[PDB]
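This report refers to the structure that appears directly beneath it.
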Amino acid sequence: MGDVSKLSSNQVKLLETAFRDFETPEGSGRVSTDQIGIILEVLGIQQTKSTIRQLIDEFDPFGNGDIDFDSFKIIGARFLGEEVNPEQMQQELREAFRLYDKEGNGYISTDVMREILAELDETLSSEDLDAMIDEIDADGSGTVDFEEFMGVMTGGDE
């Protein structure tokens with residue numbers, strides 16, 4: 001809960017960038033607790049100073065005035081949770097290629113693309129599948145991978 005290893009370097013970038021931005025009283029190497037309530041706003045996590053007093057009371061019990069990156073990192077790690085990925089349970093077809101890749105190319109051949117269509121749309125006859133195959137592979141690369149599959153499965157029929 002909080003942790004430091006729970007933080008991906010992506011998030012630490014934002015942390016580190018804002019850390020140094022409001023950092024230091026006169027060259028301390030840490031970021032002032034008066035700035036913590038600011039950065040927590042810059043990072044869109046914690047609340048105004050009333051809440052920040054908890055943070056300071058917790059991470060700076062020593063009354064130093066400013067907290068090091070590790071202390072701030074724990075702060076970030078417990079509040080950030082900026083993990084809102086667009087490929088979350090979406091465009092899964094990428095990893096599903098190897099799932100359906102009987103042939104072993106990393107890309108699914110037009111043969112496997114056929115059987116995939118038939119499964120989802122059992123209205124496509126064997127010949128229809130072949131035409132779909134033609135229609136699917138937009139790049140004419142021969143194997144269905146990139147915009148072929150993303151365009152046939154997640155293309156937007158309507």
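In the structure tokens, the first chain shown is A, the next is B, and so on; residue numbers restart at 1 for each chain, and ligands run from 1 in the order shown.
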
Which residues are close to residue 8 of chain A, i.e. within 12 Å by only C-alpha atoms, leaving aside same-chain residues fewer than 5 positions away? Reply as a list in words.
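Listing them by chain and then by number gives residues 3, 13, 14, 15, 73, 76, 77, 80, 81, 82 and 83 of chain A.
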
Residue 121 of chain A surroundings by only C-alpha atoms, 12 Å radius, close-in-sequence under 6 positions cut, as a PyMOL selection string:
chain A and resi 113-115+128-129+132+152-153

Could you write out, as an MDAnalysis selection string, all the residues of segment 19-149 of chain A that DSSP marks as helix (DSSP H, G or I)?
chainID A and resid 19:21 33:42 49:59 69:79 93:100 110:120 126:136 147:149

For the residues in that selection, give me C-alpha atoms as a short mmCIF file (atom, residue, chain, number, x, y, z; two decimals), in the first residue's frame.
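The resulting file, part32.cif, is reproduced below:
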```
data_model
loop_
_atom_site.label_atom_id
_atom_site.label_comp_id
_atom_site.auth_asym_id
_atom_site.auth_seq_id
_atom_site.Cartn_x
_atom_site.Cartn_y
_atom_site.Cartn_z
CA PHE A 19 9.97 17.42 -7.44
CA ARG A 20 12.87 19.52 -8.70
CA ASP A 21 10.47 22.22 -9.88
CA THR A 33 6.70 20.43 2.59
CA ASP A 34 5.06 23.74 1.73
CA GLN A 35 5.54 22.77 -1.89
CA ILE A 36 4.26 19.22 -1.34
CA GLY A 37 0.72 20.53 -1.18
CA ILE A 38 1.44 22.34 -4.43
CA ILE A 39 2.98 19.38 -6.26
CA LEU A 40 0.24 17.09 -4.98
CA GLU A 41 -1.98 19.51 -6.88
CA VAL A 42 0.37 19.58 -9.90
CA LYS A 49 -2.91 22.13 2.91
CA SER A 50 -5.44 20.77 5.44
CA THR A 51 -4.84 17.34 3.95
CA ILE A 52 -1.16 18.01 3.24
CA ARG A 53 -0.60 18.45 6.98
CA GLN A 54 -1.20 14.69 7.25
CA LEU A 55 1.43 14.03 4.58
CA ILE A 56 3.99 16.27 6.29
CA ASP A 57 3.20 14.89 9.74
CA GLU A 58 3.75 11.42 8.30
CA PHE A 59 6.77 11.82 6.01
CA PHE A 69 12.66 11.92 -3.41
CA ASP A 70 12.20 8.56 -1.70
CA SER A 71 9.73 10.05 0.77
CA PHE A 72 8.00 11.92 -2.05
CA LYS A 73 8.13 8.76 -4.14
CA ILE A 74 6.13 6.91 -1.49
CA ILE A 75 3.70 9.84 -1.51
CA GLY A 76 3.38 9.60 -5.26
CA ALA A 77 3.24 5.82 -5.22
CA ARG A 78 0.29 5.86 -2.86
CA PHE A 79 -1.73 8.53 -4.68
CA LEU A 93 -5.90 -8.88 -30.58
CA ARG A 94 -2.18 -8.10 -30.54
CA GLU A 95 -1.48 -10.73 -27.89
CA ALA A 96 -4.26 -12.86 -29.37
CA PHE A 97 -2.29 -13.09 -32.61
CA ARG A 98 0.08 -15.56 -30.98
CA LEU A 99 -3.04 -17.17 -29.52
CA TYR A 100 -4.38 -17.90 -33.01
CA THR A 110 -5.13 -15.60 -43.98
CA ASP A 111 -5.93 -19.26 -43.22
CA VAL A 112 -6.36 -18.60 -39.49
CA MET A 113 -8.07 -15.27 -40.17
CA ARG A 114 -10.67 -17.32 -42.08
CA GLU A 115 -11.48 -19.58 -39.13
CA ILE A 116 -11.55 -16.57 -36.79
CA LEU A 117 -14.24 -14.86 -38.87
CA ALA A 118 -16.31 -18.02 -39.16
CA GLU A 119 -16.22 -18.35 -35.36
CA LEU A 120 -17.47 -14.84 -34.59
CA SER A 126 -16.16 -20.88 -46.69
CA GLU A 127 -16.10 -18.84 -49.92
CA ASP A 128 -17.40 -15.77 -48.07
CA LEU A 129 -14.52 -16.19 -45.63
CA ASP A 130 -12.10 -16.06 -48.56
CA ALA A 131 -13.60 -12.79 -49.77
CA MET A 132 -13.46 -11.47 -46.22
CA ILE A 133 -9.82 -12.51 -46.23
CA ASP A 134 -9.25 -10.36 -49.31
CA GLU A 135 -11.16 -7.50 -47.74
CA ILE A 136 -9.41 -7.83 -44.36
CA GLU A 147 -4.57 -2.67 -39.48
CA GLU A 148 -5.99 -5.76 -41.14
CA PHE A 149 -7.11 -7.42 -37.91
#
```

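Using only C-alpha atoms, the shortest contact distance between residue 66 of chain A and any of A:87, A:145, A:23, A:137 is found at A:23.
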
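Our summary of the geometry notes that atom CA of residue 141 of chain A is positioned 19.1 Å from atom CA of residue 154 of chain A.
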
Using DSSP on the backbone, list every residue of segment 9-136 of chain A that comes out as strand (DSSP E), and give them as a list in words.
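Everything in segment 9-136 of chain A that counts as strand (DSSP E) is residues 31, 32, 66, 67, 108 and 109 of chain A.
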
Would you export the selected residues with N, CA and C atoms as a PDB file, in the first residue's frame, please?
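Saved to out.pdb:
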```
ATOM      1  N   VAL A  31      12.434  18.471  -1.405  1.00  0.00           N
ATOM      2  CA  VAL A  31      11.385  19.400  -1.753  1.00  0.00           C
ATOM      3  C   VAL A  31      10.583  19.769  -0.521  1.00  0.00           C
ATOM      4  N   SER A  32      10.436  21.064  -0.359  1.00  0.00           N
ATOM      5  CA  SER A  32       9.795  21.658   0.794  1.00  0.00           C
ATOM      6  C   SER A  32       8.372  21.145   0.979  1.00  0.00           C
ATOM      7  N   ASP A  66      11.692  19.842   4.437  1.00  0.00           N
ATOM      8  CA  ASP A  66      11.647  19.325   3.081  1.00  0.00           C
ATOM      9  C   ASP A  66      11.931  17.832   3.057  1.00  0.00           C
ATOM     10  N   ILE A  67      11.321  17.143   2.100  1.00  0.00           N
ATOM     11  CA  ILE A  67      11.404  15.686   2.026  1.00  0.00           C
ATOM     12  C   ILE A  67      12.153  15.245   0.777  1.00  0.00           C
ATOM     13  N   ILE A 108      -1.066 -13.557 -37.903  1.00  0.00           N
ATOM     14  CA  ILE A 108      -1.932 -14.661 -38.263  1.00  0.00           C
ATOM     15  C   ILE A 108      -2.130 -14.688 -39.769  1.00  0.00           C
ATOM     16  N   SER A 109      -1.951 -15.858 -40.351  1.00  0.00           N
ATOM     17  CA  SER A 109      -2.075 -16.015 -41.785  1.00  0.00           C
ATOM     18  C   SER A 109      -3.530 -15.850 -42.213  1.00  0.00           C
TER      19      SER A 109
END
```

Between atom CA of residue 84 of chain A and atom CA of residue 157 of chain A lies a distance of 26.4 Å
